[PDB]
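S.K.: Below is the file coords-v1.txt, with compact mmCIF, C-alpha atoms.
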# COMPACT_ATOMS: atom_id res chain seq x y z
CA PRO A 1 -8.88 22.79 7.93
CA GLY A 2 -7.95 21.90 11.50
CA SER A 3 -7.10 25.50 12.41
CA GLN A 4 -10.01 25.47 14.87
CA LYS A 5 -8.28 22.49 16.51
CA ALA A 6 -5.11 24.45 17.33
CA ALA A 7 -7.26 27.25 18.81
CA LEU A 8 -8.73 25.05 21.56
CA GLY A 9 -7.68 25.44 25.14
CA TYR A 10 -6.16 22.43 26.86
CA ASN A 11 -6.84 20.80 30.25
CA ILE A 12 -3.43 19.53 31.38
CA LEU A 13 -5.06 17.57 34.21
CA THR A 14 -7.41 15.71 31.83
CA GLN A 15 -5.48 16.32 28.59
CA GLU A 16 -8.90 17.08 27.11
CA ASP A 17 -9.22 19.87 24.58
CA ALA A 18 -11.42 22.71 25.85
CA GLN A 19 -13.49 25.47 24.27
CA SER A 20 -11.83 27.71 21.69
CA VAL A 21 -9.37 30.08 23.35
CA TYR A 22 -8.26 31.75 20.11
CA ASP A 23 -10.58 33.01 17.40
CA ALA A 24 -10.12 30.31 14.75
CA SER A 25 -12.01 32.34 12.14
CA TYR A 26 -11.22 36.04 12.53
CA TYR A 27 -8.97 37.30 9.71
CA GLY A 28 -8.49 40.89 10.91
CA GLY A 29 -8.57 42.15 7.32
CA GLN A 30 -5.58 39.96 6.45
CA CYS A 31 -5.68 38.27 3.04
CA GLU A 32 -3.05 35.61 3.78
CA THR A 33 -3.21 32.24 2.02
CA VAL A 34 -1.55 28.91 2.79
CA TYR A 35 -0.61 26.61 -0.08
CA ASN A 36 -2.44 23.28 0.33
CA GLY A 37 0.33 20.97 -0.83
CA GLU A 38 -2.07 18.01 -1.02
CA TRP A 39 -4.61 19.86 -3.18
CA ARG A 40 -3.95 17.39 -6.01
CA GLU A 41 -7.20 15.40 -5.96
CA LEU A 42 -7.75 12.80 -8.70
CA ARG A 43 -10.87 13.20 -10.86
CA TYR A 44 -12.28 11.23 -13.81
CA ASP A 45 -14.36 12.67 -16.68
CA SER A 46 -16.06 9.78 -18.50
CA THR A 47 -16.93 12.10 -21.41
CA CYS A 48 -13.34 13.17 -22.17
CA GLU A 49 -11.86 9.91 -20.81
CA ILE B 1 -30.84 14.65 -25.11
CA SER B 2 -29.82 14.75 -28.77
CA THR B 3 -31.77 12.90 -31.48
CA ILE B 4 -30.58 9.51 -30.21
CA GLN B 5 -32.26 6.37 -28.87
CA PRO B 6 -31.04 3.22 -27.10
CA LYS B 7 -30.45 -0.26 -28.40
CA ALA B 8 -33.90 -1.78 -28.82
CA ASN B 9 -34.75 -3.99 -25.83
CA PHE B 10 -31.27 -3.38 -24.42
CA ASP B 11 -30.17 -6.23 -22.13
CA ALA B 12 -27.90 -5.21 -19.26
CA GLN B 13 -27.20 -8.91 -18.64
CA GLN B 14 -25.57 -9.76 -21.96
CA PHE B 15 -23.93 -6.32 -22.06
CA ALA B 16 -22.29 -7.34 -18.76
CA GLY B 17 -18.64 -8.37 -18.65
CA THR B 18 -15.46 -6.72 -19.85
CA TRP B 19 -15.38 -4.21 -22.70
CA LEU B 20 -12.29 -2.70 -24.34
CA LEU B 21 -12.37 0.96 -25.34
CA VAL B 22 -11.35 1.12 -29.01
CA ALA B 23 -11.98 4.73 -30.03
CA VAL B 24 -13.66 7.90 -28.78
CA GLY B 25 -15.06 10.62 -31.02
CA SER B 26 -15.41 13.73 -28.89
CA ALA B 27 -15.54 17.51 -28.99
CA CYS B 28 -13.41 17.45 -25.82
CA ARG B 29 -10.11 19.06 -26.86
CA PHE B 30 -8.37 17.11 -24.07
CA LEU B 31 -8.15 14.28 -26.60
CA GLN B 32 -7.37 16.86 -29.29
CA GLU B 33 -4.45 18.56 -27.49
CA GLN B 34 -2.35 15.78 -25.95
CA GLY B 35 -4.53 13.01 -27.31
CA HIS B 36 -1.37 10.96 -27.10
CA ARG B 37 -0.81 9.64 -23.58
CA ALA B 38 -4.29 8.15 -23.35
CA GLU B 39 -3.86 4.64 -21.99
CA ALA B 40 -5.65 1.50 -23.12
CA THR B 41 -8.96 1.81 -21.27
CA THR B 42 -10.85 -1.32 -20.19
CA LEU B 43 -14.41 -1.23 -18.86
CA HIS B 44 -15.65 -4.08 -16.68
CA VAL B 45 -19.46 -3.91 -16.54
CA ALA B 46 -21.87 -5.68 -14.18
CA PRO B 47 -25.66 -5.37 -13.82
CA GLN B 48 -26.35 -3.43 -10.62
CA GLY B 49 -29.86 -4.55 -11.45
CA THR B 50 -31.29 -1.51 -13.23
CA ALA B 51 -28.01 0.36 -12.76
CA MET B 52 -24.67 -0.94 -14.04
CA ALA B 53 -21.51 -1.20 -12.01
CA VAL B 54 -18.96 0.24 -14.46
CA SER B 55 -15.30 -0.09 -13.40
CA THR B 56 -13.03 1.74 -15.80
CA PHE B 57 -9.38 0.70 -15.44
CA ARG B 58 -6.38 2.69 -16.69
CA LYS B 59 -2.61 2.87 -16.24
CA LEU B 60 -2.42 6.40 -14.91
CA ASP B 61 1.35 6.92 -15.38
CA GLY B 62 1.50 3.13 -15.09
CA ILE B 63 -0.54 3.15 -11.87
CA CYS B 64 -3.44 0.73 -12.40
CA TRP B 65 -6.56 2.81 -11.51
CA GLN B 66 -10.08 1.38 -11.17
CA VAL B 67 -12.84 4.04 -11.31
CA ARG B 68 -16.10 2.35 -10.21
CA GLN B 69 -19.11 4.36 -11.47
CA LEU B 70 -22.81 3.60 -11.22
CA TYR B 71 -24.36 4.15 -14.63
CA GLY B 72 -27.63 4.70 -12.78
CA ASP B 73 -30.83 3.91 -14.66
CA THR B 74 -32.52 7.06 -15.95
CA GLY B 75 -35.83 5.20 -16.28
CA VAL B 76 -35.47 4.28 -19.97
CA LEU B 77 -34.11 0.88 -20.95
CA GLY B 78 -30.53 1.55 -22.04
CA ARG B 79 -30.19 5.14 -20.83
CA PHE B 80 -28.17 6.17 -17.78
CA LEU B 81 -27.31 9.29 -15.79
CA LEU B 82 -24.16 8.58 -13.71
CA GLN B 83 -25.53 10.34 -10.61
CA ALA B 84 -24.28 13.81 -11.54
CA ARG B 85 -21.33 13.12 -9.23
CA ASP B 86 -20.23 16.76 -9.01
CA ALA B 87 -19.72 19.88 -11.15
CA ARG B 88 -18.80 17.22 -13.69
CA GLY B 89 -22.61 17.28 -13.89
CA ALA B 90 -25.05 14.63 -15.00
CA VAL B 91 -23.66 12.60 -17.91
CA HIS B 92 -26.44 11.13 -20.05
CA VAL B 93 -25.13 7.80 -21.37
CA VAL B 94 -27.02 5.83 -24.03
CA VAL B 95 -26.14 2.38 -25.35
CA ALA B 96 -27.00 3.26 -28.94
CA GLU B 97 -25.91 0.17 -30.87
CA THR B 98 -24.40 -3.17 -29.91
CA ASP B 99 -24.21 -6.89 -30.35
CA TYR B 100 -23.35 -8.08 -26.88
CA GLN B 101 -20.76 -10.68 -27.95
CA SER B 102 -18.41 -8.43 -29.95
CA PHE B 103 -19.00 -4.67 -29.89
CA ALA B 104 -21.04 -1.82 -28.48
CA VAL B 105 -21.39 1.89 -29.25
CA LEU B 106 -22.16 4.19 -26.31
CA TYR B 107 -23.29 7.80 -26.59
CA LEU B 108 -22.38 10.09 -23.69
CA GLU B 109 -23.89 13.57 -23.59
CA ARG B 110 -23.28 16.49 -21.24
CA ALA B 111 -24.57 20.07 -21.35
CA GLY B 112 -23.18 21.37 -24.64
CA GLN B 113 -21.02 18.25 -24.99
CA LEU B 114 -21.53 15.00 -26.88
CA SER B 115 -19.10 12.07 -27.00
CA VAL B 116 -19.36 8.63 -28.59
CA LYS B 117 -17.30 5.55 -27.71
CA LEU B 118 -16.62 2.32 -29.58
CA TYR B 119 -16.14 -0.71 -27.32
CA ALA B 120 -15.24 -4.26 -28.29
CA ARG B 121 -15.15 -7.57 -26.46
CA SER B 122 -11.87 -8.33 -28.24
CA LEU B 123 -9.32 -6.59 -30.43
CA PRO B 124 -9.05 -5.81 -33.34
CA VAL B 125 -12.66 -4.81 -34.01
CA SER B 126 -14.28 -5.71 -37.32
CA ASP B 127 -13.90 -3.16 -40.11
CA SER B 128 -17.68 -3.16 -40.61
CA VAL B 129 -18.14 -2.10 -36.98
CA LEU B 130 -15.34 0.46 -37.36
CA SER B 131 -16.94 2.13 -40.39
CA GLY B 132 -20.36 1.93 -38.76
CA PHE B 133 -19.00 3.82 -35.76
CA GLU B 134 -17.34 6.33 -38.11
CA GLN B 135 -20.80 6.82 -39.63
CA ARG B 136 -22.20 7.35 -36.12
CA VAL B 137 -19.50 10.03 -35.76
CA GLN B 138 -20.67 11.70 -38.97
CA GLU B 139 -24.26 11.57 -37.71
CA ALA B 140 -22.97 13.19 -34.52
CA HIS B 141 -21.53 15.90 -36.84
CA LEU B 142 -17.98 15.24 -35.61
CA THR B 143 -14.96 15.34 -37.90
CA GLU B 144 -12.27 12.72 -38.46
CA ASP B 145 -9.91 15.09 -36.61
CA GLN B 146 -12.16 14.47 -33.58
CA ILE B 147 -11.80 10.66 -33.57
CA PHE B 148 -9.00 9.36 -31.34
CA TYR B 149 -7.93 5.70 -31.25
CA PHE B 150 -6.80 4.18 -27.91
CA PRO B 151 -3.83 1.79 -27.89
CA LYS B 152 -4.41 -1.95 -28.19
CA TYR B 153 -2.15 -3.08 -25.32
CA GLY B 154 -1.46 -2.60 -21.62
CA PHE B 155 -5.01 -3.13 -20.39
CA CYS B 156 -4.87 -3.15 -16.56
CA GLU B 157 -7.47 -5.15 -14.68
CA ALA B 158 -7.16 -5.19 -10.87
CA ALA B 159 -6.40 -1.77 -9.50
CA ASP B 160 -5.35 -2.30 -5.89
CA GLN B 161 -7.18 -1.29 -2.70
CA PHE B 162 -5.81 2.27 -2.90
CA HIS B 163 -5.66 3.09 -6.63
CA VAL B 164 -9.46 2.65 -6.69
CA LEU B 165 -11.24 5.99 -7.13
CA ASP B 166 -14.72 4.64 -6.26
CA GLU B 167 -16.57 7.72 -7.49
CA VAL B 168 -19.96 5.97 -7.17
Could I get this file's structure written as structure tokens?

M.R.:
Amino acid sequence: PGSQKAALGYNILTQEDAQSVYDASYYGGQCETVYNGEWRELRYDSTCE
Amino acid sequence: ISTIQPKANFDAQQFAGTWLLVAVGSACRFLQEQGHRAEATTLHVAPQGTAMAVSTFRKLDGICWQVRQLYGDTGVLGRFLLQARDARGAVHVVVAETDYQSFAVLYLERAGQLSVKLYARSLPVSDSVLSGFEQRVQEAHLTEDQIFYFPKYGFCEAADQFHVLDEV
């Protein structure tokens, strides 16, 4: 998440982000994974308590 | 739903207010394996009209955690669905037996899973209610090995702004 945001172009004059310069989505056959250190999302199961 | 039916003419209003979790009989091995380290669970209840606002509170590692759930009305007086929040699925909750000033027994059923809870307005619960609930456990076909009693102290009303899970 947010990888698309680093792929944007950038308008120095406006400091606005522009259309995607990089491909935010192409994996090129790579199977590379990034550990999501904040994965740890609290859940409650009323049945098990 | 199993062969179970709600409290006759169940009244959400009198069932409102705080309830203390006494004991849970469940097939869920989570209570079986590491059934110790289950904190004293308190259950503030309020009539969301047909639904009930149900705020569980626990001391998760000593962090006071409110989990506000709608026990949404299924369309039968005293039966509730809990939205089906996620892959947790729909949880069919039935108030099976209660007198609103001292104790209640809730049945909670999920696909292939049934769980029954004893709640009391105050602690200790009467032995008659205890043995009645144990009978309810037998009628649920659960064993004594599958009943787990929750400690009588360290109830934690008032989870802060941030320790509130607000599942809805």

S.K.: Tell me, counting all atoms listed in the file, for each residue of chain A within 8 Å of chain B, which pair of atoms is nearest and how far apart they are in Å to one decimal, in rows ordered by chain and increasing number, as a Markdown table.

M.R.:
| residue | atom | partner | partner_atom | distance |
| --- | --- | --- | --- | --- |
| A:42 | CA | B:165 | CA | 7.8 |
| A:44 | CA | B:67 | CA | 7.6 |
| A:45 | CA | B:88 | CA | 7.0 |
| A:47 | CA | B:115 | CA | 6.0 |
| A:48 | CA | B:28 | CA | 5.6 |

S.K.: In Å to one decimal, how far is CA of residue 146 (chain B) from CA of residue 46 (chain B)?

M.R.: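 Pair CA of residue 46 (chain B) / CA of residue 146 (chain B) returns 29.6 Å.
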
S.K.: Restricting the calculation to all atoms listed in the file, which member of B:68, B:136, B:36, B:79 is positioned closest to residue 159 (chain B)?

M.R.: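 Answer, going by the shortest atom-to-atom distance: B:68.
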
S.K.: Leaving out residue 48 (chain B) and any residue of its chain fewer than 6 positions from it, which residues lie within 9 Å of it when counting all atoms listed in the file, given as a VMD selection string?

M.R.: chain B and resid 12 70 to 72

S.K.: Compute the distance from (-11.0, 31.2, 22.2) to each atom, counting only C-alpha atoms, keep the residues with any atom at most 10 Å away, and return them as a PyMOL selection string; use the coordinates of the file.

M.R.: chain A and resi 4+7-9+18-24

S.K.: Could you turn the residues from that selection into a file that holds C-alpha atoms, as a compact mmCIF listing (two decimals), in the coordinates of the input?

M.R.:
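Output (selection_7.txt):
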# COMPACT_ATOMS: atom_id res chain seq x y z
CA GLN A 4 -10.01 25.47 14.87
CA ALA A 7 -7.26 27.25 18.81
CA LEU A 8 -8.73 25.05 21.56
CA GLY A 9 -7.68 25.44 25.14
CA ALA A 18 -11.42 22.71 25.85
CA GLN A 19 -13.49 25.47 24.27
CA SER A 20 -11.83 27.71 21.69
CA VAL A 21 -9.37 30.08 23.35
CA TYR A 22 -8.26 31.75 20.11
CA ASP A 23 -10.58 33.01 17.40
CA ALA A 24 -10.12 30.31 14.75

S.K.: Quick one: distance from CA of residue 35 (chain A) to CA of residue 6 (chain A) in Å, one decimal?

M.R.: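 Interatomic distance here is 18.1 Å.
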
S.K.: Nearest residue to residue 65 (chain B) out of B:158, B:23, B:45, B:168, using only C-alpha atoms?

M.R.: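 The shortest atom-to-atom distance to residue 65 (chain B) comes from B:158.
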
S.K.: Of the candidates B:42, B:50, B:126, B:2, which shows the shortest atom-to-atom distance to residue 102 (chain B), using all atoms listed in the file?

M.R.: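 For residue 102 (chain B), the nearest of the candidates is B:126.
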